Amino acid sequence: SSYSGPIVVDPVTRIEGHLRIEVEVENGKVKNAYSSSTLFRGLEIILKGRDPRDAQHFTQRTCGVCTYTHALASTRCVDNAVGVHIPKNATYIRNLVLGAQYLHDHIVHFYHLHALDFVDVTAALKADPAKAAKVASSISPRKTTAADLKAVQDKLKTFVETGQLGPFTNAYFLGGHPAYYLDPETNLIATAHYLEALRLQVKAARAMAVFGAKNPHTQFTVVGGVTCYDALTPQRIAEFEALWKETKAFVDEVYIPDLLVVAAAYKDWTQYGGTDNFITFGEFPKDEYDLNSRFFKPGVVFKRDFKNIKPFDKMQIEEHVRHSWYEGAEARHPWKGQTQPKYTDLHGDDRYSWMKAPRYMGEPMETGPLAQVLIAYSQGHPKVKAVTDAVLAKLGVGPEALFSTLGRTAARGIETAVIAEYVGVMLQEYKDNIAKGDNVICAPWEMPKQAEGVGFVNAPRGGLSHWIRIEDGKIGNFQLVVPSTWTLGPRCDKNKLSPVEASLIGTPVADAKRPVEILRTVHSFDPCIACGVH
């Protein structure tokens, strides 16, 4: 019957970076999977011996999709190593730029990276724009008319009839595909909003540059605080606030209703792509030295036991290399990390990736929006509970539906909505603090000759940590352990499949030549391979 044999997807497109996915399929279902990351840069090697103040400028270039996040993690790391307690306003400004990063990032992910796995853009040409407008207006308080959507259709028609399909060339949906379910009108609404999102994300990114100089790769953080005295002014705050408000409207009125209409149409995707274990570091601190002061709290869950959330112990992280292209087989805590590349080619000596394999108490952990949302929900976070319950009820599913590719995709939207609202709270607190006469944004500090430090960021893809050993006032060791490393790194020396590998078992594949189902699950984790490998 169905397909039996290997499938390779190399390149996996609509991700950051260079990923090769290999699977074994038996009778039309995946039975085995390998996550192979195929670029190494070696930023940890390059950092050795340098000034710790320089680390954030190099590590920000780990990734320009999750731009800022690594600058923030390195600055938190060196802040921590030096023992500086940055001023309240630096925490607010850093937190506000990070909330703006999440909104930009998740909006681009859903439309520009994920949605072509679920949207047949060419079928949009056959839609009835008056019917589509009615549908769009029923799911959102924003009113959409037939002419609005016809404009999009006319534009797409001209594009397609030129024969130059550009980014849609050889799309898996061309010609039709049995795993693509949407009707023409829903394809047209999603395609209209894909196009709208291309311009909206310009504003979402601009919000970061208001305080943060520029996007991509911000330039406003220093050890001890931030540099942007202009961020105190009513004019810059107003500019930020207007971009945030417009971005939040898009989240609330365009992205989440689209997410829900697509999830409703693909409710069979509650049955694939689940994982067992979850880790999250918390984000948006009131106190830079207390993770439990964060709006989202850290936590660890094994085997979906959310009634027994475990504290996060940073000493229980080790990064494995037995199935990676590094010397030897010894796992290391990142304050004793090693980055010693040794290539053996695909599956040479059972090694198949440039990512290390982080394990927590020896277990493979999913991180990212589904970890953040489920753990916060289970901690009683009222905003996360309110919108995940509303999402579950709209979709007519129980909470077990969350342990899936569809649930992960939905969690990315839930956290976007919750963060978009929380940015307004942070913004008000920042305004209030300035109004009390606190205009301080940077604190003085001194470089120790010897120190250890760690910085924790819950980035749009999950728990990020940067770890420094300072020796003679220089970088003795600098290790990045990044969310995609957790999620998409390979097997460990106990041969445990990583979250992405395990999640792929059981994926149906209708057409091995166009294996969109594999992309749906892989993309649901929002992979970043420059992040994962560095």
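The first residue of the sequence shown is number 1, and the count goes up from there.
Here the stretch with the larger average CA B-factor, out of 327-335 and 375-383, is 375-383. When the C-alpha B-factors of 157-165 and 282-290 are averaged, 157-165 comes out higher.
Of the candidates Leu497, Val509, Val481, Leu488, it is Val509 whose Cα B-factor is highest according to the PDB record. For the set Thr218, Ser404, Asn277, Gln235, the PDB entry assigns the largest Cα B-factor to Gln235. The deposited CA B-factor of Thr186 belongs to the middle third of values across its chain.
In this PDB entry, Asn308 carries a Cα temperature factor that places it within the highest third of its chain's modelled residues. Ranked by Cα temperature factor within the chain, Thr344 sits in the middle third according to the deposited record. In this PDB entry, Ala55 carries a Cα temperature factor that places it within the lowest third of its chain's modelled residues. Remark: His177 belongs to the highest third of its chain, ranked by C-alpha B-factor as recorded.
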